[PDB]
Amino acid sequence: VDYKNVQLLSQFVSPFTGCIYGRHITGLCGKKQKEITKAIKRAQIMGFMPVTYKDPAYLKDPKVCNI
Amino acid sequence: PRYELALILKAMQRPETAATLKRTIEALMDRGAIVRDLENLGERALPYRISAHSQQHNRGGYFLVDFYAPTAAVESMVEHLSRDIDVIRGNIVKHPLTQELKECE
Amino acid sequence: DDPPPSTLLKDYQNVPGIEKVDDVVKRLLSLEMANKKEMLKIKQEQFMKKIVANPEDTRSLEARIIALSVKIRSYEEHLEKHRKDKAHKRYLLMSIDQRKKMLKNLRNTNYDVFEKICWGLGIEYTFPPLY
Amino acid sequence: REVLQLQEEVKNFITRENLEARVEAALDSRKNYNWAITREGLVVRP
Amino acid sequence: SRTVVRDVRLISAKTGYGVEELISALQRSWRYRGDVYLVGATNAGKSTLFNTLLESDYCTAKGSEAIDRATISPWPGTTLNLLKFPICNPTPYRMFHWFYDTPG
Amino acid sequence: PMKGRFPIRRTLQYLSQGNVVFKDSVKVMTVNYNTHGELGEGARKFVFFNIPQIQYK
RNA sequence: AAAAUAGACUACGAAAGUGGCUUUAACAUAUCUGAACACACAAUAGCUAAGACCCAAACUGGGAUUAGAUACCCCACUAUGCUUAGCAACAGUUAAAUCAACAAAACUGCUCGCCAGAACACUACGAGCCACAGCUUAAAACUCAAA
Ligand SMILES: [Mg+2]
Ligand SMILES: [Mg+2]
Ligand SMILES: [Mg+2]
């Protein structure tokens, strides 16, 4: 899980608010949940990922979240 | 150790982008670094408007500079990036490849 | 004194053909481009060669004393800059206490090795106060 | 093996000699670090 | 005006009983400003009190040794050389002067 | 009840059950024993049970 | 300045405590018990010096209200909230009748500290501050058959 892979990290945020999903929604084991969380924050603060919304270019990727 | 510099440069014409890239890599080598690769991720619209050097940016070029630097270099390089006017945002991280995959089986 | 920055890392010092190598790879494989922990490992390896009879045996009391001594040197170097780091102050004071305990045990068990340790690491053993 | 890998790798490093040429080559190339994951755990290359 | 008795305080210079409370009383009021003149009779025990008060926070010490801390001066208009040490003004005079032993 | 393991050791009957009365030559007994190690078990027991009797006599 | 989501996580730290990102240092110890008196921390009161003052706010003023108004609403502004510097443990057991009750199922071993009626009772002979009239500061006797 890399902070530059914004496509993968956008598969774990809310399309309308940009909030990160929890493990009850994502289904990840807690360690990979922590990796995804830290990567998302790193990307957001380093100017790679939007924070208040999901980047529209990635709205049509496979839905891996149970929401 | 091994570091990665993620660089967000100002949306400029090719000669000036080349000049800025040469300048930053020259600074890296001046502070004792061995630059390994330089990769261009592309020119793209910023996720959000970024204010730097009294100018508002909505577009920027993304570059990656892989290098090996002595540990004391990092801080100095950060200061230099704070002074270069063509850089919206530079961040130095420990290279992801050094962090070896944990054995989660 | 610290090891020279040009010294190779402990793990890249016995690899065959390391002397037939380009200068750039030597720099990549030196203490110049590693964090402080490799320099401390090199210090420990040097002291183990200089003091103990069997440098490979690491479970001996003398080995533990040398390791704690290099750790204590690291803590003092750290606290020289972060004067208000109370956690590392606690760690330094504790580590000094256990090194004193190990020195007492070594003195009571092996006096020759005790003298060698005290000379090699520049440690002045002092008897505890009575009250 | 690590040392030999570095023997081969150090050849293609950006020195101060081939600086400008590699800078221009980077400006004439684009790399992509984006890939997607499916519910089947398969990497969907862009 | 006429002689006015402000306080009556029992002390014992040998055991230092009441000396510290005396210092506190002297350093707490507006009216105890200025020079102190330690009058008394011969066997009153003046010298012991002078030695006690000399080695205390009451004195503005510049050195530790009691030889230099106290100075000898001739009494004005006479040749009677007597000891003296400099004292502090009481506390109220910083928010908003010499000691003297006289012949017994 | 009486405190400690094996309180019978602290009874004059046990203390006088000792049968070692040293000749007049013996002045000092030093007893070197190891707290751990099976080979010294008896020695440890010697310290626990019979030293009080030897000293009493 | 302080850190929504993750966090339905329960990790790090001796404790208090720590949850924005990056980088640099960095997370003692191969048996246990053992400090009022040693060294580090930590918290809780109360005063003392200076300093900041957006906002809030005991006290203190002002405005409106029944028929002792709203103690309660509104305005203004203090102390203060801020910033410095100071004053039972440890190892093993679940076998037994577990089992005064109530809590929190009972146990052993080993060590330290502490406990032998009400009574951590009451009382100012006095002492300090004060300076004629007030404030602060106590143990013991004594008594009882209770508590
Ligand atoms: Mg202990
Ligand atoms: Mg206000
Ligand atoms: Mg204890």
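Note that these values count all heavy atoms, side chains included, but never hydrogens, waters or copies made by symmetry. A note on names: the letters A, B, ... follow the listed sequences, proteins ahead of strands, and every chain is numbered from 1.
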**Student:** Count the heavy atoms belonging to other residues, nucleotides or ligands that lie under 6.0 Å from OH of F:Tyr33, then report whether that count exceeds 12.
**Tutor:** no
**Student:** For the residue pair C:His88 and C:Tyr91, does the interplanar ring angle fall in the parallel (under 30°), tilted (30 to 60°) or perpendicular (over 60°) class?
**Tutor:** perpendicular
**Student:** Could you grab the distance from atom CG of C:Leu31 to atom CG of C:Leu9, nearest 0.5 Å is fine?
**Tutor:** 6.0 Å
**Student:** Could you tell me how far apart C:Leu31 (CG) and G:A25 (P) are, to the nearest whole angstrom?
**Tutor:** 12 Å
**Student:** By nearest nucleotide on RNA chain G, pick out whichever of C:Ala87 and C:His78 is the more 5' one.
**Tutor:** C:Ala87
**Student:** Within residues 60-89 of chain B, which residues have any heavy atom lying less than 4.0 Å from an atom of RNA chain G?
**Tutor:** B:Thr71, B:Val74
**Student:** Roughly how many Å is it from CZ in C:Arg99 to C1' in G:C39, rounded to a whole number?
**Tutor:** 16 Å
**Student:** Taking a pair to be Watson-Crick or G-U wobble with both distances under 3.5 Å, do G:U23 and G:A139 qualify?
**Tutor:** no
**Student:** Please list each protein N or O that sits under 3.5 Å from an N or O in nucleotides 5-7 of chain G, with the distance.
**Tutor:**
{"from": "G:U5", "atom 1": "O2'", "to": "A:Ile20", "atom 2": "N", "distance (Å)": "3.0"}
{"from": "G:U5", "atom 1": "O2'", "to": "A:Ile20", "atom 2": "O", "distance (Å)": "2.1"}
{"from": "G:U5", "atom 1": "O2", "to": "A:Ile20", "atom 2": "N", "distance (Å)": "3.2"}
{"from": "G:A6", "atom 1": "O2'", "to": "A:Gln33", "atom 2": "NE2", "distance (Å)": "2.9"}
{"from": "G:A6", "atom 1": "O2'", "to": "A:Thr37", "atom 2": "OG1", "distance (Å)": "2.9"}
{"from": "G:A6", "atom 1": "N3", "to": "A:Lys41", "atom 2": "NZ", "distance (Å)": "3.1"}
{"from": "G:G7", "atom 1": "OP1", "to": "A:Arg23", "atom 2": "NH2", "distance (Å)": "2.6"}
{"from": "G:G7", "atom 1": "OP2", "to": "A:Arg23", "atom 2": "N", "distance (Å)": "3.3"}
{"from": "G:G7", "atom 1": "OP2", "to": "A:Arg23", "atom 2": "NE", "distance (Å)": "2.4"}
{"from": "G:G7", "atom 1": "OP2", "to": "A:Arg23", "atom 2": "NH2", "distance (Å)": "3.4"}

**Student:** With a 3.5 Å cut-off and sequence neighbours excluded, list the donor-acceptor pairs that the side chains of residues 88-95 of chain B form with protein atoms.
**Tutor:**
{"from": "B:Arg89", "atom 1": "NH1", "to": "A:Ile45", "atom 2": "O", "distance (Å)": "3.1"}
{"from": "B:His95", "atom 1": "ND1", "to": "B:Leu97", "atom 2": "N", "distance (Å)": "3.3"}
{"from": "B:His95", "atom 1": "NE2", "to": "B:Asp66", "atom 2": "OD2", "distance (Å)": "2.6"}

**Student:** Return the value, rounded to whole Å, for the distance between atom NZ of C:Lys36 and atom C1' of G:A26.
**Tutor:** 9 Å
**Student:** Can you find a donor-acceptor N/O pair under 3.5 angstrom joining the side chain of C:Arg90 to the base of G:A14?
**Tutor:** yes
**Student:** Measure from NZ on C:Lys100 to P on G:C39 and round the result to the nearest Å.
**Tutor:** 13 Å
**Student:** Using the closest heavy atom to pick a nucleotide of RNA chain G for each, name whichever of C:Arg59 or C:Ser74 lands nearer the 5' end.
**Tutor:** C:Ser74
**Student:** Send over the distance from C:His88 NE2 to G:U24 P, rounded to a whole Å.
**Tutor:** 15 Å
**Student:** Mind calculating the distance between CZ (E:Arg6) and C1' (G:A131) to the nearest angstrom?
**Tutor:** 11 Å
**Student:** Are the six-ring centres of G:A121 and G:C122 nearer than 5.5 Å, with the two ring planes set at an angle smaller than 30°?
**Tutor:** yes
**Student:** On a plain distance test, is the side chain of E:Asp7 in donor-acceptor contact with the base of G:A131 below 3.5 Å?
**Tutor:** yes
**Student:** Within 45° of the six-membered ring axis of B:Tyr62 and under 6.0 Å from that ring's centre, is NZ or CZ of B:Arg44 located there?
**Tutor:** yes
